[PDB]
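Please note: Cβ atoms are built from the backbone with ideal geometry, for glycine as well, and neighbour counts cover all protein chains shown. Just so it is clear, none of the values below were taken in a lab; they were calculated from the coordinates.
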Amino acid sequence: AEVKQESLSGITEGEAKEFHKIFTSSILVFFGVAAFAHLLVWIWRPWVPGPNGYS
């Protein structure tokens, strides 16, 4: 309405850019880790089990 590529462009584009980058990043990093992480653990099943049995 009244706004127009003003100084607020950093606020709107800033937060928006954050949610976007964090979104994509979290996706690739999530599956990315679970991917290699699972294939490298040699067990692929526990998924961050920690000190507690091994079934």
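Loosely packed, with under 11 Cβ neighbours inside 10 Å, in a helix (DSSP H, G or I) and free of Cβ contacts under 8 Å to residues at least 12 places away in the same chain: does that describe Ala16? So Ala16 fits the description; yes. Condition check: out of contact with any strand residue (DSSP E or B) (no Cβ under 7 Å at 6 or more places or on another chain), surrounded by 11 or more Cβ atoms within 10 Å (Cβ to Cβ), in a loop (DSSP other than H, G, I, E, B) and not aliphatic (A, V, I, L, M). Does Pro51 satisfy that? Here the answer is no, as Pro51 does not meet what is asked. Residues being part of a helix (DSSP H, G or I), within 17 Å of the chain's Cα centre (by Cα) and loosely packed, with under 11 Cβ neighbours inside 10 Å are represented in segment 35-43 by at least one member.
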